[PDB]
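Scroll down for the structure; my scribbles are underneath it.
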Amino acid sequence: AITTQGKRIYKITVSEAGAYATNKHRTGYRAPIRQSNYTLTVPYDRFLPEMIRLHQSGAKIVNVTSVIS
Amino acid sequence: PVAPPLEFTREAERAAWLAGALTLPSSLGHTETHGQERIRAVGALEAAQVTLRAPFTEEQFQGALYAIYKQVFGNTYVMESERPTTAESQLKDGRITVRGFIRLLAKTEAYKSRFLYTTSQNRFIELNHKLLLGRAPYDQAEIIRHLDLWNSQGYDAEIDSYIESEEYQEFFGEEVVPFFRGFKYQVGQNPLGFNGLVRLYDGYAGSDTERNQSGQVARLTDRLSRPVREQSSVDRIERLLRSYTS
Amino acid sequence: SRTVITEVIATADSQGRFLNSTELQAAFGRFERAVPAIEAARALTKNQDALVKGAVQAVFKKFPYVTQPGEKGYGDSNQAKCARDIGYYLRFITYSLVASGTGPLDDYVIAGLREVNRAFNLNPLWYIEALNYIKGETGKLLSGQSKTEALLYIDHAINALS
Amino acid sequence: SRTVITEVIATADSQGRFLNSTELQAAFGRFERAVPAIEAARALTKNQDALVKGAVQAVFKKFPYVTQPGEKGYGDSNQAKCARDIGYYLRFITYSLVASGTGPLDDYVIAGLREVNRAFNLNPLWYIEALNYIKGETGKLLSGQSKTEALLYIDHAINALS
Amino acid sequence: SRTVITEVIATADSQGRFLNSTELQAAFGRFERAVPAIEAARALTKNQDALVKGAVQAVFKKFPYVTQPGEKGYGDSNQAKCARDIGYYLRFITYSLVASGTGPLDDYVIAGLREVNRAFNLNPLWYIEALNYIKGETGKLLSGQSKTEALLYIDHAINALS
Amino acid sequence: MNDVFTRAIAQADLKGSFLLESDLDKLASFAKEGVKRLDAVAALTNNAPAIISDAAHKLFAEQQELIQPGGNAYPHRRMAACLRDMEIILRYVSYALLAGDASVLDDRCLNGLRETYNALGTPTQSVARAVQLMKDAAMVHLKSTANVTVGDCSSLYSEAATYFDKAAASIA
Amino acid sequence: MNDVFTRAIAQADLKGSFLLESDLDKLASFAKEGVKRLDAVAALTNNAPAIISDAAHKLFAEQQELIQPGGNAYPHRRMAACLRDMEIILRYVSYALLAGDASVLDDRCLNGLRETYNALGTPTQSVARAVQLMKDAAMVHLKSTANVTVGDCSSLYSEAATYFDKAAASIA
Amino acid sequence: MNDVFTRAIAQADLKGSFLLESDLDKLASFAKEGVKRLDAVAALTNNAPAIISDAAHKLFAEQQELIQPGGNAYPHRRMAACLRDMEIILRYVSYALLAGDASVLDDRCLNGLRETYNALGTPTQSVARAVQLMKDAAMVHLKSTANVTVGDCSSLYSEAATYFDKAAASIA
Amino acid sequence: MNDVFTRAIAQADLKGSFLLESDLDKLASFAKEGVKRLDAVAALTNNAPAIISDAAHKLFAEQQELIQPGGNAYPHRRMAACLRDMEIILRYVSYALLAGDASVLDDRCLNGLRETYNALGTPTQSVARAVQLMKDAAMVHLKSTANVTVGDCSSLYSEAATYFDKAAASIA
Ligand SMILES: CCC1=C(C)/C(=C/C2=NC(=C\c3[nH]c(/C=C4\NC(=O)[C@H](C)[C@H]4CC)c(C)c3CCC(=O)O)/C(CCC(=O)O)=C2C)NC1=O
Ligand SMILES: CCC1=C(C)/C(=C/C2=NC(=C\c3[nH]c(/C=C4\NC(=O)[C@H](C)[C@H]4CC)c(C)c3CCC(=O)O)/C(CCC(=O)O)=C2C)NC1=O
Ligand SMILES: CCC1=C(C)/C(=C/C2=NC(=C\c3[nH]c(/C=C4\NC(=O)[C@H](C)[C@H]4CC)c(C)c3CCC(=O)O)/C(CCC(=O)O)=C2C)NC1=O
Ligand SMILES: CCC1=C(C)/C(=C/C2=NC(=C\c3[nH]c(/C=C4\NC(=O)[C@H](C)[C@H]4CC)c(C)c3CCC(=O)O)/C(CCC(=O)O)=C2C)NC1=O
Ligand SMILES: CCC1=C(C)/C(=C/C2=NC(=C\c3[nH]c(/C=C4\NC(=O)[C@H](C)[C@H]4CC)c(C)c3CCC(=O)O)/C(CCC(=O)O)=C2C)NC1=O
Ligand SMILES: CCC1=C(C)/C(=C/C2=NC(=C\c3[nH]c(/C=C4\NC(=O)[C@H](C)[C@H]4CC)c(C)c3CCC(=O)O)/C(CCC(=O)O)=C2C)NC1=O
Ligand SMILES: CCC1=C(C)/C(=C/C2=NC(=C\c3[nH]c(/C=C4\NC(=O)[C@H](C)[C@H]4CC)c(C)c3CCC(=O)O)/C(CCC(=O)O)=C2C)NC1=O
Ligand SMILES: CCC1=C(C)/C(=C/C2=NC(=C\c3[nH]c(/C=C4\NC(=O)[C@H](C)[C@H]4CC)c(C)c3CCC(=O)O)/C(CCC(=O)O)=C2C)NC1=O
Ligand SMILES: CCC1=C(C)/C(=C/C2=NC(=C\c3[nH]c(/C=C4\NC(=O)[C@H](C)[C@H]4CC)c(C)c3CCC(=O)O)/C(CCC(=O)O)=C2C)NC1=O
Ligand SMILES: CCC1=C(C)/C(=C/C2=NC(=C\c3[nH]c(/C=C4\NC(=O)[C@H](C)[C@H]4CC)c(C)c3CCC(=O)O)/C(CCC(=O)O)=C2C)NC1=O
Ligand SMILES: CCC1=C(C)/C(=C/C2=NC(=C\c3[nH]c(/C=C4\NC(=O)[C@H](C)[C@H]4CC)c(C)c3CCC(=O)O)/C(CCC(=O)O)=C2C)NC1=O
């Protein structure tokens, strides 16, 4: 994170529409429920792992913004 | 004609009579109505979840902070000369979740000072599990994976392996403060997970303190080590015998 | 077990702090309502036999087909277990009257309720009917405040089953 | 700024559950205390100005060096700010009395209080002595439940100050 | 089974009367005599397999011909089931210790012993001296009060075999 | 006939194993606290006329239609048989209390009593009521603190109540 | 997350003065009727699952296109979630009734439910109809004069009706 | 974990050898009776609630002591624990059945269980008897001849009995 | 973690019984004396900083060796730890005073305390001495007749003293 690639974090809005709702129904509701639509901040280094994680869960993104540059 | 009509007064009467010997006091259960007292985890289990709904107000933000600094660091004291105030401010408006805040506290120099520098890597892996997850490690595969991951990619990636794991997503998620959960049967564990969380958690008053004459030695790597890697003992025996008798 | 006192202490220690004014407000409210609640527990304790018998009768009357052979409620043993379960439920209602909280209920009966009633094939509706009878008799047995709080614990148990 | 009622709502919604007998009982006690609390708050609102002046004179007679130049107190605007701050504290104490909870007081003063005192070099003992003066004088203005609850709130404010 | 308690009850029963002083006298003697007997049973049970192995090898050492081919002790089944028989005798001696009476011995072993020994040609002497070995081994296995009880029951078994 | 020790022994033998440590603990506790049991059995034995008389008084003061002509306790022979049955049931309850096991009761008093009372026309409901009245009169006597050292015997009260309830539920 | 008292204190701070006399009088009047409010809250919390079941039965009755294949609540899980929202919104209405301020419902969920339901494809006018069904059933249960001291509670009736109506209008 | 194929590979490698032709013979055998093994595992999977409930009924038949007040399985929160322990041990027995070795059973289930139960105060003899009762109630569902081809499978019943015995001996 | 009510409930459920009317009377008397109990808890809570500072001053006067080099309480970190420990102990004694039972102490306060001190090398006799000083300082504040009505609370003073003795005995 110290180098240049470390900075330029990104802001991502996340929607948990029925595609993830069905998966959460089947797997169960074990954490408190939350509204489907929300926004999340992510650094450049962690971008790929968290994005793989969120799509693998089933939620779908609307758009992604670049915080720096 | 035992009871032709819809009334059952004889059947209810005889049921209530025979139920007297079905509810007799047993042999003894005084030390048994609470087996958690033997596990010494009564306080840990009776500690409820500490969530932070984003529109939360000023009060219980300090409550969530107390829970976090009690969990992540253990019961070790953390002087507010050490509280990252910028991280708490960022968490206040939700610029970061409780998961991101716990990521930061894991990556502060106080957490490292208490857990990394004074201990071997084994104790560090056990403590990461017990604090950022709530459970003892189940098998040597976890220890090997985390040790090699740290060695190859840094403390940063080693911690990110905990914080953004799917176990953290499922059990706690973005906005629930971690808690000790190995005392209950968590799906897909060994019986060594519960034993390990009992071994690491010696008391509610106690803590995992660096400033100790033990040197904060590893409580569990001996416990965790044998089961996976002693099935080959039966042959290493006679190999050692031929080495000795030579 | 949770009570007013224990919930107060738990919230206070979850913030490492002392008992503030609100904690003492709640605690004294409990100490003030612990007179009617102990009255209700005394009444429901004088009358364990009447309530257990009546509840077993009401269960059988609303569920006659279990008494017949080839199913669950046949035998001296299984009806004795019926009366014993109703004694358990009434006993824990009296406990939760004394402890002025749903601690004993949620700890003993309501925890692990669906799983045990599922693996032994017992039915929620039997106990719901027994508890509706106990609620009825409590209405005629307790008057005023004690009646109200006893009904809060009884219908807490009912909603736990339902 | 949550009283007993709103903290009940928050803790009940925390578990995703309705409100059972314990927290309804606590809210009942709080409602019944809303009468002496309102009376005590009315009594203090009757006596706001005399208390602001008595507090500034008390803190000055206890702290003489503050009057002398070279210290914070010297300057007409400075004692004006003193009186304004004591008015703030009294207003928040009356607010907490009305709300029957430390919500208003805690969030409106105690939140980030120590940092304010350090960054503006205000010694807390000034406000502590003012609040002890208010305690002593309310010892006679109020009686019974109103007196003890108002004194408890003042003690909470002092403890948060020291 | 014939014990002290049961014999008391049967004697006071056949006569159609309540339990008078002598009967409770004997019952009390049994109740306080229990503890040495219970300890003897715990010791014999803990040291069960060693005692059985010792008694088996004592049978073979004293009766050397029995293991020679062509007769009773020859072959693995007969040794394993010698061990079984000695285990039975030991188990019933401990049963009789716990019950503090010769009920279990006189029921499960002594009643019908001569007929089944005759019909299988089992020499009683094998069992008599295996019980003699156990009788000796309790001397260094038990000591004090319970030794008399254990010796007494080993002794009754030996007398019944002879 | 049985008691607690022989019951545990029979279970262990039918299973084929020595008595386990826990069962030995249970029997040791039973024998240790059996002195209170002797006091209870003595309380039943020594006051038995009082129990029988109070139970008879109450039964015949609440159920008049027994002592009426044509009632099934009318002449002295039937009243004497009533009192004799009451005494016998109390006797077997005291027996089973001393033994700690209700097998003697279920084998000598209760294995053919409902059938006998039906074949004689005696209302088994009234017999069970008589048994419960005897239970009440006896509990007034087992809780007596005179002439005995103070202590707790809630276990023995529960046990005796269950024996009386066994008699009642196996006659009714 | 604020009640009537906290709102009054909020306006007191915005004007900066102490709490006046009329404000304190309304607050005292509200505190006088506290037990009335508690009784309505207890009714709601006790009869909650009954109210949910009745509302679900009715709504699935008059309108059936949900239950057909391709309908919104067709699959077994989706209508399970419908009952989950049933209970959630009814619970939050009980909360707003206890507090006295609907804003704890409003800011928490009413803003976001519009967008989340438009995303899911759930038709929200049906949600409003459901809320009206719930208000009908809850008003029926609150009408119950049984088992409680009697008094004039029309203010509570109107206020709960307002809670449900505004929640429906917000979701619709 | 080690099924029989990886087990044989292990003993082949630790002695620095390839797999001898005889080893391949046994393991190809295992492969061909694999379908019978699949049938047995499916029998254990599908009849799991029946086996567990039958073992529970029997176990609390002999030892009513557990379900009395003060007994381990009493408080109705420990009954669910008992049933879940039964489910876990049955699940691990079926796992060891499909695999072919007790490696799964002895690694993920058994190494730290007797001392876990000692820590909780749970009696281990009762858990052992529960597993034995489960073995009984599971052979009969395992021997069921309905809706499946007929053949000799005494090897699989012997093996499943060994696994149940090993679990019981571990916990006991 | 059990108050007095839940303690009576638990030892009732061990007997598998309803709470006796004697226990009901005891817990009713406790609930009646709860006003005294609350005033004592409040007196401890308000004067927590005064009590902790006073006990610290007396402890460091009678015992100096802690604060010179090599002593237990030397750096600012260890002085902060000492004050934090004493504050926690006073907090838990206030908790126990409200609960009426020492369950909270053994559950949370003293659960692993003595082991912690013997690990870190803290002189446990010094911690007991600090607890004794808090006892002495706290009885003074509890006996403060000012601002409360007059009544005999000697039972509460003895109870708080016993709580402090229990903490001291456990630590030492
Ligand atoms: C970060 C500080 C730290 C280190 C590096 C450390 C070493 C270490 N070596 C280990 C295993 C091992 N260690 C070795 C190396 C030895 N074995 C052979 O005899 C070699 C000749 C000899 C090397 C000189 C081997 C081969 C293993 C693997 C054993 C196994 O997987 O079962 C393990 C347990 C699991 C693993 O990491 O594989 C640790 C923790 N301990 C620490 O606290
Ligand atoms: C801590 C509180 C507690 C509760 C609530 C409880 C419920 C309960 N009742 C049981 C027995 C039973 N309960 C019933 C059903 C009853 N009998 C019939 O007469 C009626 C129709 C019906 C009552 C209305 C039956 C048939 C059994 C024994 C057989 C079985 O269902 O497995 C059992 C199983 C115990 C056993 O196997 O013997 C439980 C767990 N147990 C507890 O320890
Ligand atoms: C209730 C308790 C009980 C006892 C005591 C008992 C004794 C007993 N031993 C038997 C057989 C036997 N028992 C022995 C004992 C011999 N074995 C060695 O050689 C020794 C020399 C010696 C033992 C000290 C032998 C050899 C047999 C087989 C003889 C035959 O099959 O005819 C048999 C015939 C049934 C059978 O085992 O097949 C009985 C009934 N059985 C019982 O149920
Ligand atoms: C000859 C026949 C015979 C009798 C009559 C007899 C009575 C008897 N009762 C005793 C104590 C006792 N007796 C009782 C029973 C009483 N306390 C309870 O509160 C009730 C009021 C009542 C019973 C329901 C108790 C509780 C003890 C003390 C328990 C113990 O010994 O450990 C003792 C031992 C002395 C002692 O430890 O104090 C004897 C010998 N023993 C006999 O061998
Ligand atoms: C603040 C508390 C909260 C609320 C109130 C809330 C509403 C809500 N209900 C949902 C599911 C649902 N909700 C419904 C309800 C519809 N079915 C029909 O009966 C009606 C038209 C209507 C209800 C009256 C259905 C069918 C689903 C399933 C949609 C899907 O999984 O695709 C979802 C999708 C994700 C999830 O369930 O977590 C949300 C966000 N979510 C929350 O976290
Ligand atoms: C823990 C929960 C709780 C309950 C259950 C409770 C019942 C309760 N209702 C009361 C009076 C009352 N309760 C009610 C409410 C009822 N009357 C009618 O209007 C409606 C059918 C219904 C409300 C919609 C009323 C109107 C009063 C009379 C008090 C007044 O005049 O304001 C009182 C005061 C003492 C008494 O009159 O006995 C209590 C304690 N209090 C509580 O704190
Ligand atoms: C993956 C392998 C694995 C197993 C098998 C396992 C067993 C296990 N059973 C437990 C509890 C329990 N288990 C039982 C069951 C016993 N009580 C009766 O005697 C029955 C006869 C008997 C059941 C066969 C009971 C009653 C408890 C509750 C103990 C308590 O809460 O005090 C616990 C403590 C956690 C909890 O409270 O749920 C464990 C760890 N854990 C594991 O990780
Ligand atoms: C999806 C999982 C799956 C299953 C369950 C399965 C069952 C299965 N069992 C088969 C034969 C068989 N099935 C059995 C099993 C039964 N016979 C014994 O008597 C017992 C009652 C019982 C075993 C304990 C046996 C013995 C055979 C004969 C296989 C052979 O000749 O070696 C066959 C081959 C011919 C056929 O019936 O279609 C299949 C496919 N196949 C699968 O892919
Ligand atoms: C890292 C080493 C270390 C430090 C720095 C430290 C600070 C310290 N100073 C103290 C006493 C004190 N120090 C002072 C200093 C004041 N006296 C006059 O007023 C001056 C204006 C001013 C001096 C510049 C005073 C008044 C006390 C007494 C506090 C009391 O007893 O209430 C005390 C309490 C008793 C003691 O330890 O002696 C501590 C803990 N403690 C340590 O272990
Ligand atoms: C359940 C609530 C709870 C308790 C009870 C508790 C006691 C406690 N005190 C500690 C440190 C300490 N505590 C003290 C207190 C001593 N100093 C003087 O000797 C005094 C006589 C005495 C105070 C009465 C000191 C000096 C330390 C630091 C010792 C060291 O780290 O070497 C620690 C180690 C944590 C750390 O690393 O800082 C614990 C766990 N902690 C808790 O979370
Ligand atoms: C803000 C929360 C709150 C609390 C905690 C509270 C306590 C409280 N103290 C009271 C008076 C009292 N206070 C005390 C206690 C005192 N007696 C003296 O000896 C001691 C110095 C001291 C206790 C150690 C006593 C004895 C009473 C009289 C009430 C009675 O006797 O029942 C009363 C009843 C009013 C009266 O009878 O005058 C309450 C409710 N009230 C509240 O509104």
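Rule-based calculations on the coordinates, nothing more; no lab input. All Cβ positions, even for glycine, are placed from backbone atoms using ideal geometry, and neighbour counts span all protein chains on display.
Worth a mention:
- Ranked packing of B:161-168, B:239-246, most packed first, by mean Cβ within 10 Å: B:161-168, B:239-246
- Loop chymotrypsin sites (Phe, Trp or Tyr not before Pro), region A:24-61 (other Cβ atoms within 10 Å of the site Cβ: 13 or fewer; DSSP): A:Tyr29
- Ranked B:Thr76, E:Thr11, F:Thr145, criterion: other C-beta atoms within 10 Å, fewest first: F:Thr145, E:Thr11, B:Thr76
- Hydrodynamic radius of region H:70-172 per Kirkwood, over alpha carbon pairs, in Å: 14.5 Å
- Cα-centre dipole for the protein assembly as shown with unit charges at Cβ (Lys and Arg positive, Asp and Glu negative), debye to 20: 660 debye
- For region G:39-106, the normalised intensity computed at q = 0.24 Å⁻¹ comes to -1.00 (log10 of I(q)/I(0), Debye sum over alpha carbons, equal scatterers, no solvent).
- Amide H contacts under 5 Å for A:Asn37, placed H, 5+ residues apart: A:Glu16
- Ordering B:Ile163, B:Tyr138, G:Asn72 by Cα displacement along the dipole of the protein assembly as shown toward the positive end leaves B:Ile163 in first place; charges were set at the Cβ atoms of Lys, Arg (+1) and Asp, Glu (-1).
- Kirkwood Rh in Å, taken over chain B so that all alpha-carbon pairs contribute: 21.5 Å
- Cα pair count fraction exceeding 28 Å, expressed as % - chain D: 29 percent
- Distance (nanometres) between label positions extended 7 Å along Cα→Cβ at A:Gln56 and B:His34: 4.2 nm
- Signed unit charges on C-beta, dipole axis of region B:193-246, positive-most listed residue B:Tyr204, B:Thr245, B:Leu220: B:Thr245
- Each Cα pair under 8 Å and six or more residues apart adds its sequence gap; the mean of these over the residue count of region C:78-162 is a relative contact order of 36 percent.
- Pseudo-label separations to other copies for D:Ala80 - Cα-to-Cβ vector, 7 Å, nm: 8.9, 10.7
- Relative to the dominant Cα principal axis of chain C, helix C:48-62 is inclined by about 50°.
- Cα centroid separation, region H:86-155 to region D:18-87: 70 Å.
- Relative compactness, region H:131-172, computed as alpha-carbon Rg over 2.2 N^0.38 Å: 1.28
- The GluC sites (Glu not before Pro) found in region B:209-246 that occupy coil by DSSP, while having at most 11 further C-beta atoms within 10 Å, are B:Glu230.
- Mean per-residue shielding of peptide F:32-44 is 3, counting Cβ atoms of other chains within 10 Å of each Cβ.
- Viscosity 1.567 mPa s, 4 °C: Kirkwood-radius Stokes-Einstein D of chain F over Cα pairs, µm²/s: 75 µm²/s
- Look at the stretch C:105-116: the mean tally of other chain Cβ atoms within 10 Å of its residues' Cβ atoms is 5.
- Dipole of the protein assembly as shown, positive direction: furthest Cα of G:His141, H:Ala61, H:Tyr92, with charges on the beta-carbon: H:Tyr92
- For region B:171-246, average projected area of the Cα convex hull in nm²: 8.9 nm²
- Residue order, fewest to most beta carbons within 10 Å, for G:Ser158, C:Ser100: G:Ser158, C:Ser100
- Kirkwood Rh in Å, taken over region C:95-142 so that all alpha-carbon pairs contribute: 12.3 Å
- Per DSSP, loop chymotrypsin sites (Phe, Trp or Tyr not before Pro) in region D:48-78 with at most 14 further Cβ within 10 Å: D:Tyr65, D:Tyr74
- For region F:84-130, the convex hull spanned by the alpha carbon atoms encloses 67 Å³ per residue.
- Estimated translational D of the protein assembly as shown in µm²/s (Stokes, Kirkwood radius over Cα pairs; 20 °C; 1.002 mPa s): 57 µm²/s
- Value of relative contact order over chain D, rounded to a whole percent, pairs C-alpha under 8 Å and six or more apart: 31 percent
- Sorted from nearest, the other copies put their I:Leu120 label points 3.4, 5.0, 8.0 nm away, the label point being 7 Å from Cα in the direction of Cβ.
- Exposure proxy order (Cβ contacts within 10 Å, fewest to most) of F:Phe5, B:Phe115: B:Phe115, F:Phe5
- Less than 5 angstrom separates the built amide H of A:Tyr10 from those of A:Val42, A:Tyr44, A:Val67, all sequence-distant by 5 or more or on a different chain.
- Summary for E:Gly136: label point 7 Å along Cα→Cβ; distances to the equivalent points in the other copies, ascending, 7.8, 9.6 nm.
- Straight-line cross-link partners of G:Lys36 among the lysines, defined as a Cα under 24 Å from its Cα and at least 8 positions apart when in the same chain: C:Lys135, C:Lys140, C:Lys147, G:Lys26, G:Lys135, G:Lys143, G:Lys166.
- With contacts taken as Cα pairs under 8 Å and at least 6 residues apart, chain F reaches a relative contact order of 30 percent.
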